[PDB]
Amino acid sequence: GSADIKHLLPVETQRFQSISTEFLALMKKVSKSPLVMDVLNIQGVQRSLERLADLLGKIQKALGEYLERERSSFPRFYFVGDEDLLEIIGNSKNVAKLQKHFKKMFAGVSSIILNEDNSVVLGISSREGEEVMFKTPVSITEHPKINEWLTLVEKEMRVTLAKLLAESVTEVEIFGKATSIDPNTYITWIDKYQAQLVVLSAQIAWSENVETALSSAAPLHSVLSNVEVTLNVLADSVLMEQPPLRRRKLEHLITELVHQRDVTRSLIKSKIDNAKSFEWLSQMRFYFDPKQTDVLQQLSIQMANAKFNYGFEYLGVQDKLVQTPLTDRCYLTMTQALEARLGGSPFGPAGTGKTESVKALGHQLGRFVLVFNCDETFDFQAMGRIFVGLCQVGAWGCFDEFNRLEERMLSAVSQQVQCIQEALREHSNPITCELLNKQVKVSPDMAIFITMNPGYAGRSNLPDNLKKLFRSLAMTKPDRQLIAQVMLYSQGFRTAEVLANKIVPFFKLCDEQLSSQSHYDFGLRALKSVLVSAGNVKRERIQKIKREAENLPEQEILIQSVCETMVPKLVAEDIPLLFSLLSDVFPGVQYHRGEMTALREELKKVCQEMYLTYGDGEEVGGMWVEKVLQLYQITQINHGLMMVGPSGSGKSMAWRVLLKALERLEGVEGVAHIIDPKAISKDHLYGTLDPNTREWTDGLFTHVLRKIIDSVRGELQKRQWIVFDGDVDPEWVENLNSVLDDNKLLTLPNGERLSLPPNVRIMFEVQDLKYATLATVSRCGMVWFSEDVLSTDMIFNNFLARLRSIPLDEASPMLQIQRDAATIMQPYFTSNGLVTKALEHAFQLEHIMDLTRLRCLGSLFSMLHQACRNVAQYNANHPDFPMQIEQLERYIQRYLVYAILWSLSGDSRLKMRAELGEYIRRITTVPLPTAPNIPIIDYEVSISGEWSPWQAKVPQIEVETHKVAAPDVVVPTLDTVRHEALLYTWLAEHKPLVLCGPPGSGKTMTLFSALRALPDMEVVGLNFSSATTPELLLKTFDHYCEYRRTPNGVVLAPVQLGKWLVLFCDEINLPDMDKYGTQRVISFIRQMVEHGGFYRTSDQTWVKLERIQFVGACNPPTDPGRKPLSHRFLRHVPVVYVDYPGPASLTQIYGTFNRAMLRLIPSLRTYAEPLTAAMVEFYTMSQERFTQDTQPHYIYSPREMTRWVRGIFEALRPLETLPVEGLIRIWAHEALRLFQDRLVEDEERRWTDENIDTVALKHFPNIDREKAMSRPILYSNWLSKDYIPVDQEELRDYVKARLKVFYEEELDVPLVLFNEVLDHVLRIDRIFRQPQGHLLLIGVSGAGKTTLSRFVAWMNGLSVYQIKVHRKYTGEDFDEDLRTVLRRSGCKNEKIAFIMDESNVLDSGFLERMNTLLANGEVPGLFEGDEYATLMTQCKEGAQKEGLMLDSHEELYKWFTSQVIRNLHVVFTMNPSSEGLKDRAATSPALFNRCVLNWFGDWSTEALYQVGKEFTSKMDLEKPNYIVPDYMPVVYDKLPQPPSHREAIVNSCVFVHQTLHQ
Amino acid sequence: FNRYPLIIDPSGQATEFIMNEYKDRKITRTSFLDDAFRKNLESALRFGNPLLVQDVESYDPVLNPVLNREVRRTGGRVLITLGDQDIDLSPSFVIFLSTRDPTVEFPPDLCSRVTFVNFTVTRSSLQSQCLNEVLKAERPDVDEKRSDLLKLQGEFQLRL
Amino acid sequence: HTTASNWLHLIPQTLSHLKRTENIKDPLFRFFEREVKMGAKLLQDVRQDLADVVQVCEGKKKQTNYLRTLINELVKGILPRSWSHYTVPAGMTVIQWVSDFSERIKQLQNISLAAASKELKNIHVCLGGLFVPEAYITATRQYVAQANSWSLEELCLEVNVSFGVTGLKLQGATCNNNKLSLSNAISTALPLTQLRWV
Ligand SMILES: Nc1ncnc2c1ncn2[C@@H]1O[C@H](COP(=O)(O)OP(=O)(O)OP(=O)(O)O)[C@@H](O)[C@H]1O
Ligand SMILES: Nc1ncnc2c1ncn2[C@@H]1O[C@H](COP(=O)(O)OP(=O)(O)O)[C@@H](O)[C@H]1O
Ligand SMILES: Nc1ncnc2c1ncn2[C@@H]1O[C@H](COP(=O)(O)OP(=O)(O)O)[C@@H](O)[C@H]1O
Ligand SMILES: Nc1ncnc2c1ncn2[C@@H]1O[C@H](COP(=O)(O)OP(=O)(O)O)[C@@H](O)[C@H]1O
Ligand SMILES: [Mg+2]
Ligand SMILES: [Mg+2]
C-alpha cells in the first residue's frame, strides 16, 4: 500500500501487476462456477497455477534479497521488522513516522530534535528529557541516502560525546586541584554536562590524580582529603532542594565518589609504592590522552589485564549501581572473561543483583545492552536472529533465566555460541562468522552474558560443552549494610550509617523471627523498595514542612516507609512480631497513619453506591477498608501487585472499589482487563511463532499491552490496570520477571521489545503462592487478604441491600415483596443470630467436598430469591387476595430454616442431614413440625406457610406395562422428589450446580426429570475425560450457538431464540491435575461463570454469554480416578450429594416395576414381591464383597438392576406362559450375565453361583430346583423365534453347522467349539441384540475375541468394520475413518459393528473421540465446512428414502443421532493389565459406564483339555495295554477315572501349557 | 514352522543362513522402515516368492491379516484382503521377520502371531569357534587337513 | 498388609499428646508458644493419618486417594512430603524419622511443662531438636537486648563449654577447658555449651 515501491522497484512492480491481473482473471473464472469439478475442468488451470506460483516465489525472493541488501547497507536496520521497514521505505519523503523506532536502535535516545523544515537534525533527546547538542548538525539534504546520513548521525554523536568528555575533564581538573570548591561553579558545571559525562569525568580525574600522586604516603593522603572535601560539598549541595535531574546527577556522582573514597582508603591502609601492584591494578582504571587524534579511542577503560575502549553511546540517566566489593569482584571476573573472549555467566539465587550488575557494567563501559527474558518458547531461528542482531551492532546480550531453554535447544545454540567465541578469538589476533547458513559481520564490541538460577523451578541444566564457553561466577550474599549506607547517604540523611546499621540487621531478624510463608520476601529487592520509599516520603515531608533546611525525624521516616512497604505483606499473626522488632530496634519509634480523608470519603460514597458495607477502621468494615488503603499505597509506590488470600476475602471487590474511587478522585477513567492465565494455553496467552515463516502473532496479554502502547483511542491518558485472575506457576509468570523488574519491558522471541508505560499496573488475584518461585514472589508487592477480613455479617448486609434494591426481574410489586422479605429476615442475619451459628456447626461437620462460607451462602441467597419468586407467583395467582403480612412472616420464617438446612447440609449423607436438623431444632425458636422421628429435611414448606411432608407428596404410582425400564421413566420416592425440588429451585435462577455422588446413583436421571418439567431449557450433553481441554466446550459452543456482534461487544447466544441452553458435564472433576495444581477446563468454566464470558482466541476479544448455564455431575473426589476441585470454582457452584437408594427404597422402586411387568402372565403376579425381595440382597451382597479395591471395574449400581428388569421383560414378553421354575431360570440367567461376566478369578464366579443358588432356595421354597437351576443355563433365539432356553448339545450342533456355512463366505479359518466359546457367542449375541449395545472384551490375544465378534456380527447381519491401522496413521485419517463409519451408519441406515483393538489406539485424541461417541452417541466438532452440507444432504435424502419428511438442521441432526444410536455397535478388545485397566478407567468413563464388560481372560484348564481332546480325536492314540500310574499328576480337575491313553496325554498337554506359565 | 517365524539374531548369522537356504527361490530383502516395503509385500504376495523383512522393532500392523493367515475362499481361488486391496495369495509365500536386538520386549498381539527363534551363543559353540580360530592362527596345516578330513568323512557318511 | 499393620502399630507408641500452651512481651515465651503450637499441629496430623491408615488396613474404612498414596509410600518406606515440614537430611528413612520426631515431641513436652511452671531462662535446650534454631538464637538475642537495653547491631557471641545449648557435636577436634585440640576421632560430643552476649 505504498507508492514508493513502484518507483524503487519498477521491474518487480510490473511483474506484480502482471501476476495480479492474471490472478484476477483466474479468480473471476473460478467464482463464475464455484464447483470443485468445474474448477478442475478449466483448461490448463494447473499449469497457470504453477506458473503463477513460480512468479510469486521469484518476486518474493527478489524483494527479500533487496530488503537484506538494505539491511547490509545499514547495520541497525536488522532490528526493524519487515512491515515496519517497508513502511519506512514508503515513508522516506516524510519524517513524522521515523521518531517512533529510536528506542530499539538506541539505549536511551528516545527521540531526535530537528529543524522546522526537517532538513537537518540538531541533536538527540533522552527518554527523561535531557538533550545532547551536536557539534556540527547533520543535514539530510546533502546526504539523502538513509544509511549515509544515519552513519553521519552516529559518528557525529560519537565525536560530540568525545569532545564533551574532553571539555568536562579539562573543567574538573580545576575542581580536583582546588582545596575549596565553590558550590555555584560546581552546580553550573553539573548542569552544563550530562550524567554519564560527569560521572566518567569524575572517574578520569580520580584515576589521573591517584596516578600522579603515586608517581610523586603524603600525596595519597592529599588525594583522600580532596575526595572527602568533594564529598562534603556534594552532601551540602544535596541536603537542600534541587531540580530532579540535578538531584539524580548528584546521587549518582556521590555514590561514585563514596566508592572512590573507599578504594583510596583501602589502598592507603596497605602500603603501596608502585603502580604495578595488583592491589591497585585490580580496580577500575581510566586513562585519557589529549594527543590522540582519534577521538573515538581517546578513553581507555582498564582493569587487571583487560584493556577496553569506551562505547561512547548515550545512555540517558539510568540508575547508578552501588559499588559493593562483591560487585567489584564480579567486575573483575567478568572483565577477565571478556579479555579471555568468553562470555560472562553470573549465577545465584534470585535477588542478589546479577542482571542489574551486568547492566551497570555495560553502562560503565559505554556499551549498548539488551536484556532478554529467554523462555521455553525460544526457537532456533529466533535465537539466531537475536544473535546476529547483537553481532552486527555490538550490543551486549544479557539473557535472563537461561536455564529454562529446552536443553536440546541449549545444546543446539551452544554451537552458535562456539562460533561467536571463535570469531571473537580470531578478531583479537573482513572478520566474519557464519550464522544460520549465512556469513555475517561481527562487531568487535561483542559480549554474551548468562544470568541463570540453579534449582529455581526444576529447570533444565546446562550441557558441558556450553558451560565450557562461559566463565561462571557465583554471587550469593551482597553487602546489605554497605548498599543501605551508601544509598541513604546518597538520598540525604544525617545519620545514614546509623540508619543502615539499624535497618539491615532488622531485615536479618525479620527474615527469621516471623512464621514461614510462601509469599514472604525480605530480599535486596524489598530492601531497595523500602529505601526508595523512604527517600520519597522524606522529600514529601520536606515539602510539607517547607510549604509553611533544619532537621527531620529520619528514624520516623524510615519506620514509616518500612511499615507502608511491609505490613500489607504480613499475615495477621506476624504484625505484633514486626511491631515488637521495630520497638526493640528503634526505641523512640512511634507511628503515623490516616491523613486520607478525601479518598476515604470517596471510598465511602462508592461503597454505599455499589451496595457494600463501609467501615471507618473500627466498625464492621474496618479491616477491609484498611486493606483497600494498603493496596492503594502499594499501587502508588510499586509496580507489580498481588492480592494473596483464601477464596472469598473481598480482594476483587477491594480492587474494583479502589479503581472506582481513584477514578472519582483524579478524574481519569480506569479501564481494567481481567485475564485468566490458565484458562487458555500459554501459547495463546503470550503469542505464537510459525516455524514455517517467521511471522509473529500476538497473544492475549501481548495484544492488550500492544493496544495500550499504541494508544489509538487515547489509551495512554486513562489509567490501565491489568489483572491476572488466576493462579500462579513458573511456566508463564517467569515471562514477566523482566516486566515486573526495574527493566520495565517485555521481550519477545522475534526480537520485538515492548516497554511498559507508567500508567499500567500489573496485578494478580491469586489464592496461594505455594507453587510460584522466589524469583516472582520477590518482584511484586504482597497484600494479604486474610479469611477473617471479610465477615459473614458484611456478606449478609450486602445480600440484604441487594434484596432491597436491584429487583430480580430486571415501586414494582417485586420491590415491595422483596422489601417485606428483607424486613422479616432482618433479625436472623445480623450479629450471631441463626445463620452464623448454623454455619459454624456446618463447618464443624464434614462434607463430601470442602465447605467454604460463600458456597453455602450463595446457595442460601438463591433459595431465598426463589422464595420471593414463589410469593410473587402466588400473588399473581390470587389477584383478589394478595399475600398478607403475618402469612408472609410465618411462611418466610420456615422457608429460611428449610433453606439453611438444604444449603449447609445439601452435600452430606442422611445421618448428618438429620444431625443438622436436630441441632437447628435445638438451637432456634422457630415453628417446626412436631415429629420426634421424622427429620426436618423430610418436610416441604407450603405456600400456605405450613410444613407439608414429602411422604404425602410422593404418590404410589403404577407405571404401565409398555414402559418398565425406559430411559426416561422414574418412580417418585423421597430422595428423588426432594432433589427434584432442589434442582428446580437452582435451575429457575440459571445457576451452576454439581451433582456429586457414587456412579449410577440416579443423578442424571434426577437432572433430566428436572429439565423435562421446564420447557424453556434444552440440554446439550457433554462428557469429560482425563485429557479434556476447553476445546470441547469451544466446539460445543460453535455447533450449538452463534457469535453475534452488538454495540457493547460480542455475545454468544443459542441458535434457538427464546430458550436457555444448558451444558451438562458428566465428569467435571475428571480432567487431569497438572504439575501445578490446576485444571484448565475448571478454570475456564470458573472464568465464564464469574465474568459472564471468556476470551475468543481468534482475535483476543471479550465475548459475553447471553443465555448459557452449566450443570455438573461427578464422582466424589475420594474415588480413585477423580481429583478435588478448587475453592475459587466451588464458591459459585452449589453441590448436591445423591447417594444410593438403599434397601428400604429400592424395594418399592423395583416392586412397582416388577408388578408392572408381571401382567402378561396373570398367574405369576403373586411372586412379584418375593422376586423383588430376592433381587435386593443379591445386589446388596455383590456390593458388600466386590469392592473397587479388588478391581477398578467392580462398581455395582442400580443401573444393573434396571438392566436386570429390562432383560427379564424382554425375555418374557412373547413367552406369555411361564411357570415359576422358568421365571427363576430367567432371573438366574440374567443375574449370571450381569454379575459373572465382569469377574476375573474362578473363585468369585463360584461364589456368585453359590449365592444365586442360596438366594433362590431361600426366597422361593418348594420349587423344582433341578428344573429351575441347571449347568448350562443358556438362552437363545436362533433355534426358535421366542427367547427360550436351549440345550447345550443341540446348540453346539447348530453352531457347528453355522461355522461350516460361515467359513465359505467371510473367512476360511477353522475354529474349535467348546462350552466357553458357546457362552461367549451367546453373550455377544445378547449384547448385540439390544440397541446401543457396546462391548468390552478383556482377554489375552489369541483367545478368539475378534473372530467371535466377526462371527456374531455376520450372524446378526452386522457389517463388520475394521479401522485398518497402518504406519503414520494420524488424527485426520482417524477422523476420516470415523466420519465414513458414521455416514454409513446414520445416513445409509445399516447395522454396523465397530471392531478395534487397544493397540490400534495411537493418541489420546482417539480415546477422547471414542469416549464421546460411546457416551453421547454423536461427535460434535467432527463435520465442518461443505462436508457438513454434504452430510446434511445425505441425511435429508435418507429421510426421504425412509418416508418421514424433515426440515431445518437441528431435528435432522437429532434424527441422525438417533439412527447412529440405534445402528452403531462398537466392540473393544483389550489385554488384562493392572495398570491398563485403571488407566482406561481414568481416561475413558464411557468404556466402563456405557459399555458392558466381558472378561474372557486366558483359556481355562477345562477349555484347554476340551480343545485338545477334540482336536486329537482324529488319530489312533488308544493303547489297549495302558497302566494308570499311582501318582497320577492331576492338573485339570474332574478327570475321568480310570483315564485312558488319550485322556492321559491330553492331560499331559494341559500340564505342559501350565508349566510354561510357571 | 507353522506360524510365520520371527528370528532374533544379534550376530547376523541366521540372516545369511536363511538366504543360503532359500537361494533357489528368490528372496526380496527389505525392512519395515523402507518406503518400498508395502510395494515389496504386494510383489511377494502376487509372485508367491519368499520374503525376508528385517528390523521388526518398528512393526506396523499392516501384517496382522497375513500373520493371522486370514483368507477369503473365492471358489478355487485364494483371496486375501490386505488393507484396501484384494490379492491372490499364492500358497508358496513365506515371510521371515528378523531382529538384531535380543533385549526387545514385544506386545502380546505381535507375540501371539509369530514363532520366536532365538539365536543365542552357548558354551559348546563358543568353545568350538575359539578353538578353530586358535588352530587357524597357530597350526594352519593341521587346521586345513582337519577341515578336509571332516568334509571327506561327512560325504563318506553320505555314501553310506 | 498384615506386616504393614504390624509395623503401623509398632511406630506410633512414642507419640501420645502435646499441649499448645498467648500474648506476652517475652520473645522466648512467644517463640516457644508458636513452636509448640506447630509441633502439636504436626503431631495431631500425624496421629490422624496413622489412625486412618490403621483403620483402612484392618477395619471398616475404604481407601481414598490420599490414603492410597500414604499406604503405598509407607509400604515403600520413604518419607511423605506431607509430614516433611522441618529440615530432614537428604531424605532420611522413616525408621529414623519417627525417632527424630519422637525426640522433638518429648523436647516440646518438656518445654511446655517448664513453661507451665523467669524460669524459662534456667532450662537447658538441645539445638538440633527445634524446628527453627536461627529463630531460637535471634529470640535469645532479642531477649538479651530487651533485658539490658543494648544495641542489636554490635551484639557478639562469647561461647563457653548465659544460655545452655546441648547436643552440639564437633568434627575432628577435642575441647579441654575451651581450648581446641586436633584429634583423629570422627566426632566428639559437647556436654554443655554456654552462650553469652557481649
Ligand atoms: N466489604 C464488603 N462488604 C460486604 N460484602 C462484601 C464486601 N467485600 C466483599 N463482599 C462480598 O464478597 C462476595 C464474594 O465476592 P468477592 O469478589 O468479594 O470475592 P473474592 O475475595 O475476590 O474471592 P475469590 O478469592 O474467590 O476470587 C461478594 O458477593 C460481595 O458481596
Ligand atoms: N549492588 C547493588 N546496587 C544497587 N542495586 C542492586 C544491587 N544489587 C541488586 N540491586 C537491585 O536488585 C535488582 C536486581 O535484580 P537481580 O537480582 O539482578 O535479578 P536476578 O534475580 O534475575 O539476578 C534491581 O532492582 C537492583 O536495583
Ligand atoms: N428412584 C428411582 N426410580 C426408578 N429408577 C431409578 C431410581 N433410581 C435409580 N434408578 C435407575 O438407576 C439408573 C441411574 O443411572 P444414571 O442416572 O444414568 O447414572 P449416572 O447418574 O451415574 O449417569 C437409571 O437407569 C434408573 O433407571
Ligand atoms: N476357538 C478357536 N479355535 C481355533 N482357532 C482359534 C480359536 N480362537 C482363536 N483362534 C485363532 O486365533 C487367531 C486370531 O485370534 P483372535 O483372538 O480372534 O484375534 P486377536 O488375538 O487379535 O484378538 C485366528 O487365526 C484363529 O485361528
Ligand atoms: Mg535476572
Ligand atoms: Mg475474587
# chains A, B, ... in the order shown; residues from 1 in each chain; ligands from 1
>>> interface_residues(of="chain A", to="chain C", cutoff="12 Å", atoms="only C-alpha atoms", output="JSON, numbers by chain")
{"A": [481, 497, 498, 499, 500, 501, 502, 503, 504, 505, 506, 507, 508, 509, 510, 511, 512, 513, 514, 515, 516, 573, 574, 576, 577, 578, 579, 580, 581, 582, 583, 584, 585, 586, 587, 1116, 1117, 1118, 1119, 1120, 1121, 1122, 1123, 1124, 1184, 1187, 1188, 1189, 1190]}
>>> interface_residues(of="chain A", to="chain B", cutoff="6 Å", atoms="only C-alpha atoms", output="VMD selection string")
chain A and resid 1307 to 1308 1341 1366 to 1367
>>> closest_atom_pairs(of="chain A", to="ligand 2", cutoff="8 Å", atoms="only C-alpha atoms and all ligand atoms", output="Markdown table")
| residue | atom | partner | partner_atom_place_in_ligand_line | distance |
| --- | --- | --- | --- | --- |
| A:319 | CA | ligand 2 | 27 (O) | 7.9 |
| A:320 | CA | ligand 2 | 4 (C) | 7.2 |
| A:321 | CA | ligand 2 | 3 (N) | 4.3 |
| A:322 | CA | ligand 2 | 3 (N) | 4.1 |
| A:323 | CA | ligand 2 | 1 (N) | 6.2 |
| A:324 | CA | ligand 2 | 1 (N) | 5.5 |
| A:326 | CA | ligand 2 | 1 (N) | 7.8 |
| A:327 | CA | ligand 2 | 1 (N) | 6.2 |
| A:347 | CA | ligand 2 | 23 (O) | 7.5 |
| A:348 | CA | ligand 2 | 23 (O) | 7.3 |
| A:349 | CA | ligand 2 | 21 (O) | 6.4 |
| A:350 | CA | ligand 2 | 21 (O) | 3.3 |
| A:351 | CA | ligand 2 | 17 (O) | 3.3 |
| A:352 | CA | ligand 2 | 17 (O) | 4.1 |
| A:353 | CA | ligand 2 | 18 (O) | 3.2 |
| A:354 | CA | ligand 2 | 18 (O) | 3.5 |
| A:355 | CA | ligand 2 | 18 (O) | 3.8 |
| A:356 | CA | ligand 2 | 18 (O) | 4.3 |
| A:357 | CA | ligand 2 | 18 (O) | 6.3 |
| A:358 | CA | ligand 2 | 18 (O) | 7.9 |
| A:400 | CA | ligand 2 | 22 (O) | 6.2 |
| A:401 | CA | ligand 2 | 22 (O) | 6.8 |
| A:451 | CA | ligand 2 | 23 (O) | 6.4 |
| A:452 | CA | ligand 2 | 22 (O) | 7.4 |
| A:453 | CA | ligand 2 | 22 (O) | 7.5 |
| A:478 | CA | ligand 2 | 1 (N) | 6.7 |
| A:479 | CA | ligand 2 | 1 (N) | 7.6 |
| A:483 | CA | ligand 2 | 3 (N) | 6.2 |
| A:524 | CA | ligand 2 | 12 (O) | 5.9 |
| A:525 | CA | ligand 2 | 12 (O) | 5.0 |
| A:528 | CA | ligand 2 | 11 (C) | 6.6 |
| A:737 | CA | ligand 2 | 22 (O) | 7.7 |
| A:741 | CA | ligand 2 | 25 (O) | 6.4 |
| A:742 | CA | ligand 2 | 25 (O) | 5.3 |
| A:775 | CA | ligand 2 | 21 (O) | 6.2 |
>>> residues_near_ligand(ligand="ligand 1", cutoff="9 Å", atoms="only C-alpha atoms and all ligand atoms", output="PyMOL selection string")
chain A and resi 607+611-615+620-622+624-625+643-656+725-726+765-767+785+787+789-799+802+854+858+1090+1127-1132
>>> write_last_selection(atoms="N, CA and C atoms", output="short mmCIF file (atom, residue, chain, number, x, y, z; two decimals), in the first residue's frame")
data_model
loop_
_atom_site.label_atom_id
_atom_site.label_comp_id
_atom_site.auth_asym_id
_atom_site.auth_seq_id
_atom_site.Cartn_x
_atom_site.Cartn_y
_atom_site.Cartn_z
N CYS A 607 -18.74 2.82 48.08
CA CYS A 607 -19.18 1.63 48.80
C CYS A 607 -20.68 1.66 49.05
N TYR A 611 -23.60 -1.03 46.97
CA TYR A 611 -24.14 -1.94 47.99
C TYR A 611 -23.02 -2.72 48.67
N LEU A 612 -22.12 -1.98 49.31
CA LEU A 612 -21.08 -2.56 50.14
C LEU A 612 -21.16 -1.96 51.53
N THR A 613 -20.68 -2.71 52.51
CA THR A 613 -20.67 -2.27 53.90
C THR A 613 -19.39 -1.48 54.14
N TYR A 614 -19.52 -0.26 54.62
CA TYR A 614 -18.36 0.58 54.88
C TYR A 614 -17.89 0.41 56.32
N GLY A 615 -16.58 0.54 56.51
CA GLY A 615 -16.02 0.65 57.84
C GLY A 615 -15.04 1.80 57.91
N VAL A 620 -17.53 -2.53 61.34
CA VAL A 620 -17.57 -3.87 60.76
C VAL A 620 -16.69 -3.97 59.51
N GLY A 621 -16.49 -2.87 58.78
CA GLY A 621 -15.71 -2.93 57.57
C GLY A 621 -14.31 -2.38 57.70
N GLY A 622 -13.85 -2.22 58.94
CA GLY A 622 -12.60 -1.51 59.18
C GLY A 622 -11.39 -2.22 58.61
N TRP A 624 -11.26 -4.47 56.16
CA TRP A 624 -11.31 -4.47 54.70
C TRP A 624 -10.95 -3.10 54.14
N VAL A 625 -11.43 -2.03 54.76
CA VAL A 625 -11.12 -0.70 54.26
C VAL A 625 -9.64 -0.39 54.45
N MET A 643 -2.85 -9.91 45.27
CA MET A 643 -3.75 -9.96 46.41
C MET A 643 -3.85 -11.43 46.82
N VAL A 644 -3.09 -11.80 47.83
CA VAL A 644 -2.97 -13.19 48.26
C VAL A 644 -3.96 -13.43 49.39
N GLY A 645 -4.71 -14.52 49.29
CA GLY A 645 -5.60 -14.91 50.36
C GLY A 645 -6.51 -16.05 49.96
N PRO A 646 -7.25 -16.58 50.92
CA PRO A 646 -8.20 -17.65 50.61
C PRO A 646 -9.34 -17.13 49.75
N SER A 647 -10.03 -18.06 49.10
CA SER A 647 -11.12 -17.71 48.20
C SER A 647 -12.24 -17.05 48.98
N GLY A 648 -12.59 -15.83 48.59
CA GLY A 648 -13.65 -15.11 49.27
C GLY A 648 -13.16 -14.26 50.42
N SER A 649 -12.20 -13.38 50.15
CA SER A 649 -11.74 -12.41 51.14
C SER A 649 -11.92 -10.98 50.67
N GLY A 650 -12.72 -10.75 49.64
CA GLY A 650 -13.02 -9.40 49.21
C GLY A 650 -11.94 -8.72 48.40
N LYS A 651 -11.04 -9.48 47.78
CA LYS A 651 -9.97 -8.86 47.01
C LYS A 651 -10.50 -8.26 45.70
N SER A 652 -11.40 -8.97 45.02
CA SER A 652 -11.94 -8.46 43.76
C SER A 652 -12.75 -7.19 43.99
N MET A 653 -13.65 -7.22 44.97
CA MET A 653 -14.41 -6.03 45.31
C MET A 653 -13.51 -4.92 45.83
N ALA A 654 -12.43 -5.28 46.53
CA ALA A 654 -11.50 -4.29 47.04
C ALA A 654 -10.83 -3.52 45.90
N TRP A 655 -10.26 -4.24 44.93
CA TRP A 655 -9.59 -3.52 43.85
C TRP A 655 -10.59 -2.83 42.93
N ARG A 656 -11.80 -3.38 42.77
CA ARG A 656 -12.81 -2.69 41.97
C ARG A 656 -13.21 -1.37 42.60
N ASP A 725 -6.41 -12.81 36.99
CA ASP A 725 -7.32 -13.50 37.91
C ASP A 725 -7.20 -15.00 37.69
N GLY A 726 -6.14 -15.57 38.23
CA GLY A 726 -5.91 -17.00 38.13
C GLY A 726 -5.00 -17.43 39.25
N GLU A 765 -4.66 -11.74 41.20
CA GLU A 765 -5.67 -12.13 42.19
C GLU A 765 -5.53 -13.63 42.36
N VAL A 766 -4.70 -14.04 43.31
CA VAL A 766 -4.34 -15.44 43.48
C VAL A 766 -4.88 -15.94 44.81
N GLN A 767 -4.84 -17.25 44.97
CA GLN A 767 -5.26 -17.90 46.21
C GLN A 767 -4.09 -18.27 47.10
N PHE A 785 -4.91 -10.67 51.99
CA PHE A 785 -6.32 -10.59 52.36
C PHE A 785 -6.67 -11.83 53.16
N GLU A 787 -8.66 -14.50 55.74
CA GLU A 787 -10.01 -15.05 55.65
C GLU A 787 -11.00 -14.26 56.50
N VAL A 789 -10.85 -11.12 57.14
CA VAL A 789 -11.01 -9.75 56.68
C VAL A 789 -12.44 -9.52 56.22
N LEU A 790 -12.97 -10.45 55.44
CA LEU A 790 -14.37 -10.41 55.03
C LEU A 790 -15.20 -11.18 56.05
N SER A 791 -16.29 -10.58 56.49
CA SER A 791 -17.07 -11.11 57.60
C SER A 791 -18.47 -11.48 57.13
N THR A 792 -19.00 -12.53 57.76
CA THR A 792 -20.29 -13.09 57.37
C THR A 792 -21.41 -12.07 57.54
N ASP A 793 -21.29 -11.17 58.52
CA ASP A 793 -22.31 -10.14 58.66
C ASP A 793 -22.20 -9.08 57.57
N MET A 794 -21.00 -8.79 57.07
CA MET A 794 -20.91 -7.92 55.90
C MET A 794 -21.53 -8.58 54.67
N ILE A 795 -21.31 -9.88 54.51
CA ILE A 795 -21.94 -10.59 53.40
C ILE A 795 -23.46 -10.54 53.52
N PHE A 796 -23.97 -10.73 54.74
CA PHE A 796 -25.41 -10.66 54.96
C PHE A 796 -25.95 -9.27 54.65
N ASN A 797 -25.22 -8.22 55.05
CA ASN A 797 -25.67 -6.87 54.78
C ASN A 797 -25.68 -6.57 53.28
N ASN A 798 -24.67 -7.08 52.55
CA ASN A 798 -24.68 -6.92 51.10
C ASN A 798 -25.86 -7.66 50.48
N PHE A 799 -26.16 -8.86 50.97
CA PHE A 799 -27.30 -9.61 50.44
C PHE A 799 -28.61 -8.88 50.70
N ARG A 802 -28.82 -5.90 48.35
CA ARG A 802 -29.15 -6.38 47.01
C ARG A 802 -30.57 -6.92 46.93
N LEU A 854 -18.83 -19.01 51.33
CA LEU A 854 -19.57 -18.37 50.24
C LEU A 854 -20.32 -19.36 49.36
N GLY A 858 -24.10 -18.41 48.91
CA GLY A 858 -24.75 -18.20 47.63
C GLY A 858 -25.91 -19.16 47.42
N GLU A 1090 -17.89 -16.50 36.53
CA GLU A 1090 -17.70 -15.23 37.23
C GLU A 1090 -17.94 -14.05 36.32
N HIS A 1127 -11.30 -24.23 45.35
CA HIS A 1127 -12.24 -23.42 46.12
C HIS A 1127 -12.75 -22.25 45.30
N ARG A 1128 -11.88 -21.64 44.50
CA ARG A 1128 -12.28 -20.49 43.69
C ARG A 1128 -13.32 -20.85 42.65
N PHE A 1129 -13.43 -22.13 42.29
CA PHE A 1129 -14.53 -22.56 41.44
C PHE A 1129 -15.72 -23.02 42.25
N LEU A 1130 -15.48 -23.73 43.36
CA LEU A 1130 -16.57 -24.25 44.18
C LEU A 1130 -17.33 -23.16 44.92
N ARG A 1131 -16.83 -21.93 44.93
CA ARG A 1131 -17.53 -20.85 45.61
C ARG A 1131 -18.88 -20.56 44.96
N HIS A 1132 -18.92 -20.49 43.63
CA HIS A 1132 -20.13 -20.08 42.94
C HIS A 1132 -21.09 -21.22 42.66
#
>>> select_by_dssp(residues="chain C", states="strand (DSSP E or B)", output="list in words")
residues 124, 125, 126, 157, 158, 159, 160, 163, 164, 165, 166, 169, 173, 174, 175, 176, 179, 180, 181, 182, 189, 193, 194, 195, 196 and 197 of chain C
>>> write_last_selection(atoms="C-alpha atoms", output="short mmCIF file (atom, residue, chain, number, x, y, z; two decimals), in the first residue's frame")
data_model
loop_
_atom_site.label_atom_id
_atom_site.label_comp_id
_atom_site.auth_asym_id
_atom_site.auth_seq_id
_atom_site.Cartn_x
_atom_site.Cartn_y
_atom_site.Cartn_z
CA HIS C 124 18.73 -26.47 79.06
CA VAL C 125 17.97 -26.95 75.38
CA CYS C 126 19.33 -29.08 72.55
CA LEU C 157 28.74 -14.05 70.97
CA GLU C 158 31.05 -15.40 73.65
CA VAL C 159 30.93 -19.20 73.78
CA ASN C 160 31.99 -21.28 76.78
CA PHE C 163 22.11 -19.78 77.72
CA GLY C 164 22.50 -23.54 77.80
CA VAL C 165 22.58 -25.29 74.42
CA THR C 166 23.20 -29.05 74.33
CA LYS C 169 28.80 -32.11 68.13
CA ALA C 173 38.52 -31.86 67.28
CA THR C 174 38.57 -32.09 71.06
CA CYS C 175 37.70 -29.50 73.70
CA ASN C 176 39.55 -29.11 77.01
CA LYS C 179 40.92 -25.00 74.14
CA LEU C 180 40.53 -26.78 70.82
CA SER C 181 42.82 -29.75 70.17
CA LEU C 182 43.09 -31.74 66.96
CA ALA C 189 30.08 -34.54 71.82
CA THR C 193 27.62 -25.01 75.59
CA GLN C 194 27.24 -21.61 77.27
CA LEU C 195 26.28 -18.62 75.13
CA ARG C 196 26.81 -15.10 76.49
CA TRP C 197 26.02 -11.94 74.52
#
